[PDB]
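Written below as structure tokens is the structure these notes are about.
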Amino acid sequence: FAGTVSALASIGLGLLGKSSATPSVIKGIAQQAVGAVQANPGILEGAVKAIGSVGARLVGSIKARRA
Amino acid sequence: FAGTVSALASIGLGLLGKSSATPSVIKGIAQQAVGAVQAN
Amino acid sequence: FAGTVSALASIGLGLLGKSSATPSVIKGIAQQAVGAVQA
Amino acid sequence: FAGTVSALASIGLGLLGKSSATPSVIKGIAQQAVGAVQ
Amino acid sequence: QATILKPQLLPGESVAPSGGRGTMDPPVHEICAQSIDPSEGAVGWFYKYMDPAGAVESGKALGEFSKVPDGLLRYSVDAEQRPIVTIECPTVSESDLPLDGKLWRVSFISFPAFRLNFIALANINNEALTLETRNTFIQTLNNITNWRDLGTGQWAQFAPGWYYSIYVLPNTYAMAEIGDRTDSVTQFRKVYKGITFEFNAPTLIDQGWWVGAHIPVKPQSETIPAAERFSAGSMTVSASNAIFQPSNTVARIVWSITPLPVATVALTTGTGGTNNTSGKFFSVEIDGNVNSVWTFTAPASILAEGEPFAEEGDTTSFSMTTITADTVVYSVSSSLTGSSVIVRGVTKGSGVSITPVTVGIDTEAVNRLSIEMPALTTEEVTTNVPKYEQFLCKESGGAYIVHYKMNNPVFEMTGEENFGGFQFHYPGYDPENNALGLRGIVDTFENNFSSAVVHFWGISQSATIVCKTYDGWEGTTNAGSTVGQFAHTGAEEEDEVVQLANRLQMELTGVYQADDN
Amino acid sequence: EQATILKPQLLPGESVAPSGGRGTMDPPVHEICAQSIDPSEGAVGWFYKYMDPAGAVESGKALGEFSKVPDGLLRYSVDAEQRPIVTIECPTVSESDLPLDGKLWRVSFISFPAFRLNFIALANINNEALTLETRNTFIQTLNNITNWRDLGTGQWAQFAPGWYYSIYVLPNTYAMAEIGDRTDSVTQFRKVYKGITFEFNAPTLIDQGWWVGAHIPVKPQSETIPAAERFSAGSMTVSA
Amino acid sequence: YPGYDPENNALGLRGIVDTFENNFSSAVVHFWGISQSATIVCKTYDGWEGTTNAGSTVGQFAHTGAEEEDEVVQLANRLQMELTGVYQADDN
Amino acid sequence: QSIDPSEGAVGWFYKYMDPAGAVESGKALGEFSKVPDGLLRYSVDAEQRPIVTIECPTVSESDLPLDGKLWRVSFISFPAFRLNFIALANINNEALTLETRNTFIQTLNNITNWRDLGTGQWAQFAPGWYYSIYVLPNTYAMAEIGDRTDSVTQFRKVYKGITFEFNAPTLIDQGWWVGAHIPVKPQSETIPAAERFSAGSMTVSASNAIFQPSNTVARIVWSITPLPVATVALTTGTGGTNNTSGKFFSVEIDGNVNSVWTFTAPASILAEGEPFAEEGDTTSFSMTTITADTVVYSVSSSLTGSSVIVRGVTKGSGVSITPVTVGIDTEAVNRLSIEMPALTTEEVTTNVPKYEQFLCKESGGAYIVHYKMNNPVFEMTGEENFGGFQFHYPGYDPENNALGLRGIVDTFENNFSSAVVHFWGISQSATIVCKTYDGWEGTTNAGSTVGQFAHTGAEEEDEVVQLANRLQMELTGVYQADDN
Amino acid sequence: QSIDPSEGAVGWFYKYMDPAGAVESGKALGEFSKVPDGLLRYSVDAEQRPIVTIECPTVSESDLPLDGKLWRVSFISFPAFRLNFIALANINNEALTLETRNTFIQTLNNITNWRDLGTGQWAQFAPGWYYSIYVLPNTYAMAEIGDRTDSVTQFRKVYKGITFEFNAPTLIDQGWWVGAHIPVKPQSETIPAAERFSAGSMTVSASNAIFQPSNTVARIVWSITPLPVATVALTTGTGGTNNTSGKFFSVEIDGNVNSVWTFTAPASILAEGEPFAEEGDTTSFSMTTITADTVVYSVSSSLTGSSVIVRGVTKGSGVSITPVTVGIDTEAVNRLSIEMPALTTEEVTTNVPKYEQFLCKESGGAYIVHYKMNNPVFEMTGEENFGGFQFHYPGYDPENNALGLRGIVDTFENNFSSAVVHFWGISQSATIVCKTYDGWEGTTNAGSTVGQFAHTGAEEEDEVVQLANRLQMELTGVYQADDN
RNA sequence: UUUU
Ligand SMILES: [Ca+2]
């Protein structure tokens with residue numbers, strides 16, 4: 001995910017946004033941002049695909065448009 | 001008591017004394033001390 | 001006293017947690033940990 | 001005083017910011033930053 | 001959100017009609033939040049320091065991101081060099097089949113160094129590195145003489161199935177180390193450094209996997225003495241093989257000499273095939289057959305094996321008696337009558353043959369930097385590092401690496417202190433094989449940042465690696481600095497963030513996939 | 001009013017791989033919304049600089065990347081100010097004593113919008129009228145300078161009796177070597193503005209002195225020094 | 001120069017080397033009656049922008065060009081011309 | 001927010017604070033050896049607690065003679081990677097005079113294959129003086145590229161706690177001591193790497209061999225820096241040859257004057273502008289005169305034309321250096337110019353106000369807690385300052401320094417204060433037990449064993465660390481042993 | 001009650017800010033030389049306030065002439081332990097040719113016994129240029145090896161800040177300046193330690209003598225790198241000698257070509273690969289020639305068959321060096337490669353943005369205030385980086401650098417801006433009073449006097465410091481004197 | 001016609 005990193009860090013910074021930056025809180029916020037603790041759908045992963053099927057699929061489809 | 005530079009301290013040190021002590025806040029005072037401002 | 005230092009810290013660390021972490025608070029704590037009992 | 005130029009530079013610039021910026025309109029400004037119509 | 005503007009005159013300052021300063025701290029467009037207000041530079045930096053390559057194409061980059069937001073420097077210049085190199089197999093391994101299922105190994109060492117980007121060495125054959133294999137490698141990077149004449153990113157054989165190249169950073173490297181025109185800045189910090197090792201492979205044979213891991217390294221200034229009348233030196237003859245021509249016939253030794261001045265080596269007696277440096281010290285790139293003989297006028301007096309060999313006006317002639325398909329014997333000859341010839345046994349693609357020379361030349365003292373070569377082992381890294389990641393090149397379209405303030409908890413200002421001739425030590429490695437004089441890489445090493453390596457393994461000759469690097473350095477310019485004209489106020493301290501970053505980083509593995517780029 | 005624009009790193013419709021695309025991001029444009037326009041500080045800043053390159057800075061009008069002429073001409077560009085400050089002094093005849101009620105000098109400056117070079121000094125100790133000969137002797141000189149960098153130190157240089165000149169360069173640009181071994185410069189360039197304040201460093205009272213200034217354009221029409229091989233003709237000068 | 005023999009000119013590539021802003025006005029500022037003991041501090045401000053290529057030790061400091069503000073530029077132009085380029089060293 | 005810190009960060013706390021008591025008070029929680037500065041992405045934290053039994057140089061371990069005699073013994077603790085600390089003792093409770101002092105120093109810097117004293121065992125160095133070194137097992141174990149080799153890219157002592165328990169029969173449970181911390185940074189004085197030849201020095205210390213006719217015999221340890229370890233064996237006479245594990249050339253021998261030791265030169269040698277041996281000569285070293293006080297020696301070789309060599313060395317104090325040149329090659333390896341922490345009970349008071357001192361009877365010894373004194377943060381101490389430190393000190397004349405890679409070679413914590421503890425009125429019938437809770441945290445680069453233990457650097461526990469060095473600050477790094 | 005820093009912090013804050021107004025404004029209170037970072041168990045803080053009236057080189061501090069002539073004077077303050085700053089000068093109003101500056105530097109890189117220069121006395125390195133070294137007394141006062149021999153382990157500049165008052169009569173205030181802080185850091189290029197023969201070199205800087213025959217009589221500063229100091233004295237000719245105090249050989253002397261001074265070798269010396277003279281042999285020095293820009297010097301050795309020396313030296317230019325080789329032993333000492341803070345008005349103004357120039361008349365002088373400019377936090381320079389200040393700069397080639405322990409011998413305060421103040425077109429007849437309020441915090445290892453007022457480190461007061469640090473990165477550090 |  002292009003910049004999954006900054007995106008990750010982005011969220012954490014986000015929280016820091018409101019959260020009075022107490023090294024104590026920051027900790028939590030950090031821990032959180034990674035997804036280690038206190039997380040909700042504020043999470044995401046591998047959206048891309050292994051060519052195996054990416055390839056295989058478009059091979060399956062070319063003519064199988066009957067449906 | 002000629003120090004300008006010095007005044008530019010006690011001014012911010014002045015604030016700091018009753019300032020929330022946030023280092024973020026510190027930035028605030030530290031710029032105020034220089035006598036900075038929010039333009040427009 | 002079974003590691004006076006140790007306890008002497010427990011006290012300082014004890015106060016700490018069960019109290020805001022004001023970078024300035026701390027001092028008074030570290031200072032209370034031994035000498036000046038902070039108010 | 002120091003920045004005498006940047007003075008008009010402001011009057012000028014500033015004025016522009018409000019006026020209907022136009023070569024003509026403009027010139028007039030650059031002229032007001034100093035001159036008087038007699 | 002809002003903009004800030006500091007005055008030229010500090011509350012009360014009473015300047016004349018032309019006094020004051022000449023600068024005007026570019027305005028503060030710090031963004032706002034319920035608890036903090038980092039400036040776009042502070043912010044951009046955060047992301048850049050975190051996900052350099054991404055945060056940019058991520059759109060999250062901005063402001064003075066190449067400056068560190070710890071309001072330390074009163075003034076500082078800064079920037080980012082995004083050199084993109086395409087590493088690819090060295091041997092044009094000729095195959096007859098329609099499918100030369102060949103594979104090669106390759107690894108990169110990243111050094112948060114001022115002028116240096118990273119190092120890289122591959123093995124045409126996917127064979128791993130041997131101790132002595134490794135060693136030669138090492139001792140080579142220490143013996144590299146006029147190293148600057150290598151930044152071209154050009155490949156270089158040091159071992160049999162092994163080559164290696166070094167990549168500078170376009171500009172900082174573009175800042176010379178001579179007393180005449182260009183000299184570095186008073187100091188700096190690696191504000192953040194990342195590299196993506198794009199797995200450019202034919203989506204046909206995308207085989208391969210790679211392991212990345214950050215390793216911190218601090219240099220040790222094991223300094224060279226400042227000589228006067230005479231100076232100690234080392235004559236180097238690293239025998240090698242003609243990438244194309246018959247081993248048992250032709251050799252390709254590199255012949256340099258530690259403190260002796262660069263002097264044009266023209267092949268006179270032999271067949272031909274030379275390529276001399278331009279560096280300050282004398283070195284040569286030459287391939288040829290036995291009978292062949294190169295020549296040059298010795299810039300200064302030269303001793304050896306006790307007895308004097310040459311004098312300023314003398315003419316040294318280097319040749320090779322024997323050329324086994326793997327060993328090489330050579331001869332060095334002085335005009336100066338009464339001198340005797342020098343001969344020595346080497347082994348192309350192997351260690352160098354040293355020749356404790358002495359050069360009648362005043363010798364500026366300069367430190368050599370004893371730096372532990374980071375785990376280069378196929379599987380050492382895998383061990384001494386838990387925060388290492390690794391996937392197949394196929395999956396992770398390459399490797400993403402993000403360095404970080406590793407050594408110091410805070411951002412010191414690596415300055416001239418640790419600057420000098422990189423000389424890598426390692427376990428099992430013998431230094432006796434280390435060349436004398438000021439040779440090897442030469443650069444100011446950001447002692448704060450995390451050094452780091454990444455080895456690729458089991459890929460295809462066809463697969464090449466596009467290394468998109470994003471180096472962010474910031475430092476203070478002094479004089480003659482061709483950059484001082486870019487320095488402004490140093491980033492403001494917004495530790496609020498900074499810390500967070502530090503946590504993330506720590507909390508994180510400086511390695512990721514070129515798909516998370 | 002304030003505003004901050006952000007040019008996406010991509011183009012509308014571009015599908016971009018992670019790894020690749022554009023490597024550089026665009027520094028955010030900050031505009032000062034006005035009832036008629038909304039330039040970016042890199043404009044105003046410039047504007048002002050271009051207009052009063054010193055008082056604009058002393059004043060507090062030098063905003064952003066002001067060293068960039070706002071005329072959407074370049075896609076990418078390098079901007080930078082240079083504020084060298086040399087204190088051109090009277091030259092030296094000798095510790096030949098000096099009475100206040102006595103000696104003084106004439107010194108002139110010629111400033112050219114030359115990339116590296118800053119300005120050319122010239123002064124006459126005993127205070128002289130530029131005689132024709134004096135002039136030529138001068139010009140001929142500037143011209144016949146061999147390793148012009150040799151005096152880039154901004155050091156005085158005699159030529160005519162009692163006549164000295166000197167060259168001051170843009171310390172950072174001069175710093176960028178030409179045709180050197182592996183050294184060279186930029187592609188194009190263009191002064192974005194340039195002013196000079198010859199502060200009158202004079203005793204409060206011996207404030208004696210008068211100066212004149214004027215802008216006069218000058219364009220370099222080039223003449224060539226032909227290349228050659230076996231031997232390249234030239235000449236050896238020797239001034240006294 | 002008006003009244004100068006190009007005979008005194010040196011042959012080869014000598015003289016001050018450099019690129020000339022084929023755009024800006026050059027100036028001259030003569031001073032007379034300056035007590036030997038008096039000197040002149042020449043505080044300059046040379047701004048400039050170019051396009052780096054290779055080996056440039058500046059390419060890093062490079063990035064996006066300035067946007068077109070002729071809306072403003074114009075003023076500046078017709079403004080300069082409006083006045084001299086010469087002022088008092090107490091108006092900077 | 002409660003200011004909740006990892007239970008392991010707490011461990012570190014007390015450990016740092018009270019490295020000994022923390023263990024005893026069970027307050028030793030989690031991987032307390034990692035510094036909670038949230039710095040390292042990963043790291044290995046270790047803590048060795050090596051215990052040393054310090055006996056009075058002459059006194060037995062077996063039988064305890066209740067002499068009612070005393071002895072001054074001091075220890076210098078350095079935040080060195082493997083080096084635990086150094087200890088020196090006077091069998092007469094005597095004061096450390098200059099020469100004695102300087103000799104002491106002198107020795108430490110000319111300790112050739114320092115690894116030869118890895119064994120806690122003493123080593124006379126002056127008329128009534130002995131000294132020895134205490135390595136940190138596990139680290140000292142880290143053989144510097146041998147057969148078994150692992151390595152660390154950098155480290156930083158997470159704390160050091162030594163407690164010199166006053167092990168003395170209550171009978172003559174007497175004497176006192178003074179402890180104090182003195183921070184010292186080292187400077188890298190370099191030992192130029194050379195090729196065909198390498199300059200060096202042939203040292204030869206001399207001093208009576210406990211249990212041998214004072215005037216007759218003499219135990220001496222002569223070495224030759226660049227000269228590769230040579231196996232010396234007595235050639236002719238009264239026995240007494242202890243060789244070195246070392247990489248260079250050094251050997252400790254003792255015997256009649258006429259006694260002779262000899263070994264083959266593993267490389268060409270030069271002395272006094274002259275040649276001495278070929279990489280195959282049979283070098284012969286013996287003594288000319290032996291005085292309970294002085295001693296004359298002389299070495300020669302099978303080198304045809306090889307002149308002889310002769311110099312004197314007043315027994316017990318200093319070495320007879322011999323400017324030498326060896327036929328082998330040197331490495332860049334540099335020494336570490338290190339200020340020597342106030343060795344006199346005098347200065348310690350006159351210099352360290354946050355020093356303490358109690359009687360060994362009440363204060364069951366002395367317990368010191370080292371702390372980051374150098375810089376306000378836990379910077380990483382890597383390669384940058386590693387090398388054979390040679391201590392310098394006022395009075396000490398560099399002249400006396402060897403020339404090769406000598407001294408205790410190791411890394412120095414660019415942060416932690418070094419500390420020294422002087423015991424004075426101790427009774428020979430007493431032994432100082434040394435509990436040493438010292439724990440560092442570093443990073444691995446190459447190795448086969450340590451790696452598997454590296455995890456993540458302790459999270460940034462800013463709040464704790466904060467107060468941590470806050471306390472250590474306002475606190476004497478010295479303490480009553482019994483307070484551990 | 002947000003925070004309550006103790007006076008020692010405030011007083012500090014204000015000082016590390018306006019070290020003049022601090023005091024002046026009575027704002028400096030408490031033990032302010034200690035940085036309230038709370039990093040030390042104990043520490044000795046101190047503030048040296050030297051007030052040196054840097055008068056023009058060729059001027060009478062007495063009957064100053066209301067000349068109306070000029071002179072350049074650049075000050076390059078370095079955050080060094082016992083080194084305030086260097087003063088560059090130029091009676092003739094002339095720019096700094098590469099020749100010139102290159103000559104300058106080399107002079108400072110080859111200053112035999114820099115101590116001999118502590119007087120800050122003026123020294124002519126170039127026809128119209130002089131330099132001199134002003135020191136922070138009290139520290140310098142503590143004799144290096146000393147008599148009571150006080151030795152400081154590590155220290156750290158707590159606040160430099162010095163004002164360069166523009167002492168000038170309204171008659172002649174013609175003056176203008178510009179300061180700017182440029183950080184600098186020393187790279188320990190080590191001088192090796194050798195045994196019987198250690199190499200070195202013989203320097204000879206020639207120049208004319210004040211009020212002396214600019215072609216009939218010339219003064220040189222002959223010295224020898226590792227050579228033990230020895231006393232010289234004219235033997236035959238026009239008098240004129242000034243011996244050294246240092247431990248190495250150097251001397252200043254005036255005289256004609258007929259004049260000959262001599263001294264006795266303190267030890268063997270080889271020259272041009274030839275035994276020039278041994279212990280005894282009495283060496284002589286004279287001038288085959290003497291002009292206004294050149295001088296042929298020649299040293300005659302008492303040794304038999306000892307070929308003598310002959311050398312051409314353009315007085316006012318560099319130092320003509322003759323490699324040497326003395327039979328003395330040498331301790332390896334550290335030379336410190338150090339960039340030289342932009343020496344040119346422009347060089348400074350274009351590369352440094354936070355500079356600040358002024359007309360002396362309006363700005364009653366100059367007031368620079370350094371600050372921890374490297375380490376974001378106050379680390380602790382110690383042994384860490386101490387040695388022989390040997391500088392380089394763009395242009396300068398070390399081809400003319402001394403092989404011996406030369407230059408300014410001190411410890412550079414690792415983290416802290418070193419600044420530069422250039423005063424251009426100052427009235428001959430005017431001087432620069434330089435009151436520096438420099439302060440440092442250090443630790444004592446051995447001494448008899450300093451370790452008395454050694455107390456506890458400052459109480460860790462972040463916010464305070466925090467702010468202090470903000471204001472710094474924030475400011476110029478260069479202000480109108482009227483602001484101290 | 002739509003999955004990825
Ligand atoms: Ca450091």
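The chains in the structure tokens are called A, B, ... from first to last as shown; in each chain the residues are counted from 1, and the ligands are counted from 1 in the order shown.
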
All residues within 8 Å of ligand 1 are required, counting only C-alpha atoms (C1' of nucleotides) and all ligand atoms; please report them as an mmCIF file with C-alpha atoms, in the first residue's frame.
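Contents of selection37.cif, freshly written:
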data_model
loop_
_atom_site.group_PDB
_atom_site.id
_atom_site.type_symbol
_atom_site.label_atom_id
_atom_site.label_comp_id
_atom_site.auth_asym_id
_atom_site.auth_seq_id
_atom_site.Cartn_x
_atom_site.Cartn_y
_atom_site.Cartn_z
ATOM 1 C CA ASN E 408 21.959 8.614 19.958
ATOM 2 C CA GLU E 412 23.440 15.195 17.679
ATOM 3 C CA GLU H 379 23.923 7.858 23.977
ATOM 4 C CA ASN H 414 31.043 7.203 26.822
ATOM 5 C CA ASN I 375 24.120 18.197 20.843
ATOM 6 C CA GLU I 379 26.685 16.216 26.615
ATOM 7 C CA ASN I 414 32.199 19.403 21.586
#

Who sits within 12 Å of residue 374 of chain E, only C-alpha atoms (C1' of nucleotides), same chain under 3 positions skipped, as an MDAnalysis selection string: (chainID E and resid 107:111 119 134 138 212:219 371 377:378 380:382 384:385 424:427 450:455) or (chainID H and resid 151:154 443:447)

Near-residue 225 of chain F list (9 Å; only C-alpha atoms (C1' of nucleotides); drop same-chain fewer than 2 positions) as a PyMOL selection string: (chain F and resi 223+227) or (chain G and resi 11-13)

Near-residue 91 of chain G list (10 Å; only C-alpha atoms (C1' of nucleotides); drop same-chain fewer than 5 positions) as a PyMOL selection string: (chain D and resi 1-7) or (chain E and resi 17-18) or (chain F and resi 52+54-55+58+197)

Residues of chain F within 10 Å of chain A, only C-alpha atoms counted, as a ChimeraX atom specification: /F:16-20

Write a file of the selected residues as an mmCIF file, in the first residue's frame, keeping N, CA and C atoms.
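Written output follows (part_35.cif):
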data_model
loop_
_atom_site.group_PDB
_atom_site.id
_atom_site.type_symbol
_atom_site.label_atom_id
_atom_site.label_comp_id
_atom_site.auth_asym_id
_atom_site.auth_seq_id
_atom_site.Cartn_x
_atom_site.Cartn_y
_atom_site.Cartn_z
ATOM 1 N N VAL F 16 -1.044 4.872 -10.227
ATOM 2 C CA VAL F 16 0.373 4.732 -9.958
ATOM 3 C C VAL F 16 0.823 3.636 -8.998
ATOM 4 N N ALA F 17 1.842 2.900 -9.439
ATOM 5 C CA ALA F 17 2.432 1.815 -8.666
ATOM 6 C C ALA F 17 2.896 2.399 -7.343
ATOM 7 N N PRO F 18 3.109 1.553 -6.329
ATOM 8 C CA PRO F 18 3.560 2.196 -5.100
ATOM 9 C C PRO F 18 4.932 2.767 -5.420
ATOM 10 N N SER F 19 5.931 1.917 -5.286
ATOM 11 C CA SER F 19 7.316 2.246 -5.559
ATOM 12 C C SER F 19 7.592 3.492 -6.392
ATOM 13 N N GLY F 20 6.999 3.534 -7.586
ATOM 14 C CA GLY F 20 7.289 4.618 -8.527
ATOM 15 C C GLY F 20 6.313 5.806 -8.626
#

In chain G, DSSP strand (DSSP E or B) residues written as a list in words: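 Here are the strand (DSSP E or B) residues of chain G: residues 20, 26, 27, 28, 29, 30, 31, 32, 33, 34, 35, 39, 40, 41, 42, 43, 44, 45, 46, 47, 48, 49, 50, 51, 52, 62, 63 and 64 of chain G.
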
How about saving the chosen residues, C-alpha atoms kept, as a PDB file, in the first residue's frame?
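result21.pdb was written with the following content:
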ATOM      1  CA  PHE G  20      25.967  37.404 -17.727  1.00  0.00           C
ATOM      2  CA  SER G  26      24.266  46.896 -14.630  1.00  0.00           C
ATOM      3  CA  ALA G  27      25.098  49.875 -12.507  1.00  0.00           C
ATOM      4  CA  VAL G  28      27.920  52.132 -11.485  1.00  0.00           C
ATOM      5  CA  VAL G  29      28.364  54.084  -8.277  1.00  0.00           C
ATOM      6  CA  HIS G  30      31.282  56.440  -8.018  1.00  0.00           C
ATOM      7  CA  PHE G  31      32.323  57.990  -4.704  1.00  0.00           C
ATOM      8  CA  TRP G  32      34.684  60.940  -4.262  1.00  0.00           C
ATOM      9  CA  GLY G  33      35.941  62.942  -1.288  1.00  0.00           C
ATOM     10  CA  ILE G  34      35.878  59.884   0.914  1.00  0.00           C
ATOM     11  CA  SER G  35      38.420  60.333   3.684  1.00  0.00           C
ATOM     12  CA  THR G  39      35.410  52.951   3.955  1.00  0.00           C
ATOM     13  CA  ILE G  40      32.457  51.335   2.264  1.00  0.00           C
ATOM     14  CA  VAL G  41      30.647  48.239   3.391  1.00  0.00           C
ATOM     15  CA  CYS G  42      28.976  46.713   0.356  1.00  0.00           C
ATOM     16  CA  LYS G  43      26.138  44.624   1.673  1.00  0.00           C
ATOM     17  CA  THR G  44      24.706  42.892  -1.376  1.00  0.00           C
ATOM     18  CA  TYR G  45      21.613  40.850  -2.138  1.00  0.00           C
ATOM     19  CA  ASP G  46      21.910  38.832  -5.336  1.00  0.00           C
ATOM     20  CA  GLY G  47      18.933  36.584  -5.961  1.00  0.00           C
ATOM     21  CA  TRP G  48      18.920  34.083  -8.812  1.00  0.00           C
ATOM     22  CA  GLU G  49      17.288  30.939 -10.097  1.00  0.00           C
ATOM     23  CA  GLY G  50      18.476  28.342 -12.555  1.00  0.00           C
ATOM     24  CA  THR G  51      17.922  24.771 -13.652  1.00  0.00           C
ATOM     25  CA  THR G  52      20.510  22.296 -12.374  1.00  0.00           C
ATOM     26  CA  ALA G  62      15.885  22.350  -6.546  1.00  0.00           C
ATOM     27  CA  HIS G  63      12.156  21.883  -6.906  1.00  0.00           C
ATOM     28  CA  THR G  64       8.969  23.225  -8.495  1.00  0.00           C
TER      29      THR G  64
END

Per residue of chain B within 12 Å of segment 19-37 of chain A, what are the shortest atom pair and its distance in Å to one decimal, counting only C-alpha atoms, with rows by chain and residue number, as JSON lines?
{"residue": "B:20", "atom": "CA", "partner": "A:20", "partner_atom": "CA", "distance": 11.1}
{"residue": "B:21", "atom": "CA", "partner": "A:22", "partner_atom": "CA", "distance": 11.3}
{"residue": "B:22", "atom": "CA", "partner": "A:21", "partner_atom": "CA", "distance": 8.2}
{"residue": "B:23", "atom": "CA", "partner": "A:21", "partner_atom": "CA", "distance": 8.9}
{"residue": "B:24", "atom": "CA", "partner": "A:21", "partner_atom": "CA", "distance": 8.5}
{"residue": "B:25", "atom": "CA", "partner": "A:20", "partner_atom": "CA", "distance": 10.8}

Using only N, CA, C and O atoms, please write the residues we just selected to a file, as a JSON list (two decimals), in the first residue's frame.
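New file selection-v3.json:
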[["chain", "number", "residue", "atom", "x", "y", "z"],
["B", 20, "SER", "N", 1.20, 26.59, 30.78],
["B", 20, "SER", "CA", 0.87, 25.15, 30.98],
["B", 20, "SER", "C", 2.08, 24.20, 31.00],
["B", 20, "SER", "O", 1.91, 23.00, 31.22],
["B", 21, "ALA", "N", 3.27, 24.72, 30.73],
["B", 21, "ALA", "CA", 4.45, 23.90, 30.73],
["B", 21, "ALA", "C", 4.47, 22.90, 29.56],
["B", 21, "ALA", "O", 5.35, 22.02, 29.51],
["B", 22, "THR", "N", 3.55, 22.98, 28.61],
["B", 22, "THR", "CA", 3.62, 22.05, 27.46],
["B", 22, "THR", "C", 4.82, 22.46, 26.63],
["B", 22, "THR", "O", 5.06, 23.65, 26.44],
["B", 23, "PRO", "N", 5.59, 21.50, 26.13],
["B", 23, "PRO", "CA", 6.72, 21.93, 25.32],
["B", 23, "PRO", "C", 6.15, 22.52, 24.04],
["B", 23, "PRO", "O", 6.80, 23.29, 23.34],
["B", 24, "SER", "N", 4.92, 22.15, 23.73],
["B", 24, "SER", "CA", 4.29, 22.70, 22.55],
["B", 24, "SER", "C", 4.08, 24.15, 22.93],
["B", 24, "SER", "O", 4.43, 25.07, 22.19],
["B", 25, "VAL", "N", 3.51, 24.35, 24.12],
["B", 25, "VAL", "CA", 3.25, 25.68, 24.65],
["B", 25, "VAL", "C", 4.54, 26.45, 24.67],
["B", 25, "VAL", "O", 4.58, 27.60, 24.28]]

Residue set, segment 59-218 of chain F restricted to helix (DSSP H, G or I), as a ChimeraX atom specification: /F:59,132-143,148-151

Contact set, chain F to chain I: 7 Å, only C-alpha atoms, as an MDAnalysis selection string: chainID F and resid 82:87 89:92 95 98:100 153:156 171:172 201:205

Chain C contacts to chain A at 10 Å (only C-alpha atoms) as a list in words: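 In the required form, that comes to residues 20, 21, 22 and 23 of chain C.
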
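Proximity to chain G at a cut-off of 10 Å picks out residues 1, 2, 3, 4, 5, 6, 7, 8, 9, 12, 13, 16, 17, 21, 22, 23, 26, 27, 28, 29, 30, 31, 33, 34 and 35 of chain D on chain D, counting only C-alpha atoms.
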
Given only C-alpha atoms as the counted atoms, nearest of A:17, A:7, A:59, A:12 to chain B: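 Ranked by minimum distance to chain B, first place goes to A:17.
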
Contact residues (chain F, partner chain D, 12 Å, only C-alpha atoms) as a ChimeraX atom specification: /F:1,32-39,43-62,197

Point-to-point distance from atom CA of residue 283 of chain H to atom CA of residue 214 of chain H, Å rounded to tenths: 26.8 Å

Non-local contacts of segment 297-310 of chain H (10 Å; only C-alpha atoms (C1' of nucleotides); under 5 positions in same chain excluded) as JSON, numbers by chain: {"H": [204, 206, 257, 260, 261, 262, 263, 264, 265, 268, 270, 271, 272, 274, 275, 276, 277, 278, 279, 280, 281, 282, 283, 284, 285, 286, 287, 288, 289, 290, 320, 322]}
